[PDB]
Every structure is written in structure tokens, then in C-alpha cells.
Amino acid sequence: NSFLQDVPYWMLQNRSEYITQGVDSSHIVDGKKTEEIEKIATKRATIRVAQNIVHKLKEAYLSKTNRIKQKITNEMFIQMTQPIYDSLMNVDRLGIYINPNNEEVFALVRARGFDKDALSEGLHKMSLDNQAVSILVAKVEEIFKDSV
């Protein structure tokens, strides 16, 4: 009953709770080279960090210390994923890992920052009031500074 070998520690962890760090995979599409399945896995991972940020935001919203009075529907929160992803910058691929069982590529990624203008603008197009946007931007702002 031999166990897998050469398995990075980050794979044994729940990185998605660093919020700015996301892990995701991609099955090896046949017609593609490993290098490309890594591209796909990396995008997914960075999208994941976006979702991580949204999940953190949705948490604070549903928190009892939430100051946002506008109603933000579950669907809206999913919408936020896009503007947030759009604003991410300086995203490093910290690692890759391929599981032998099914040849699936995993990628560890970290977004080092985001454009405040970009996020703000994006959130505004989404139909949140000024107060909400200010608070939301203020929060992903803290999520990032508090991530170092």
C-alpha cells in the first residue's frame, strides 16, 4: 500500500483560505500538450482566488457586523467574481502538480495585488450603491494588505 511520492505540501493544504491564493486543476485535454493544460489550470486557479475573495466578502456581508444595507443577492455575489477577477494583477504561479491517478494538472497561484479603479468601476456597473462599493473596495483592499 505505497503512497504517492513527490506531492507538494501546498497540495496537502487548503490554500484557498489565504484568499489571495487559489488552487485549481484541469484534466489533460487530449489534443493539448501538458504545457497548455497548465495554462488552463493557472487561469482557473486565479479565477479561484477571485471566488475566494468574493466568498470572503459574502461572509462579511452575511456577518453581523455588516454595514451594507443594500440587498446583495446570491447571484449578485457570483457576479462580483468577474469585476474582481478583472482587477487582479501581479499573479504568480507558485507551483504545478500532476496527479498520477488521472493525469490532472493542479496549479497554485497568488495574486499580489489588484487595481482599485478597476474593481470600483466594475462593482459600479454591477448595480451596487455608492456605499456598498466603497465598503466592498475597502474590504478587498484590506484582504490584500493583510495578506503579507
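Only the largest set of C-alpha atoms that superpose within 1.5 Å between the two forms is called the rigid core. So that there is no doubt, residue numbering starts at 1 and follows the sequence shown.
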Core-aligned, RMS over all structures and residues: is 65-73 or 109-117 the stretch with the greater C-alpha displacement in 4 other deposited structures of this protein?
65-73
Going by root mean square C-alpha distance after a core fit, say whether 43-51 or 93-101 is farther from the shown form in 4 other deposited structures of this protein.
93-101
Once average C-alpha B-factors are taken from the entry for 137-145 and 4-12, the winner is 4-12
Between the two ranges 94-102 and 29-37, the one averaging a larger CA B factor in the entry
29-37
Highest recorded C-alpha temperature factor, please, choosing from 51, 120, 63, 79.
63
Going by the CA temperature factor in the entry, name the top one among 126, 132, 23, 19.
19
Where the record places residue 67 (Cα B-factor, split into thirds across the chain):
highest
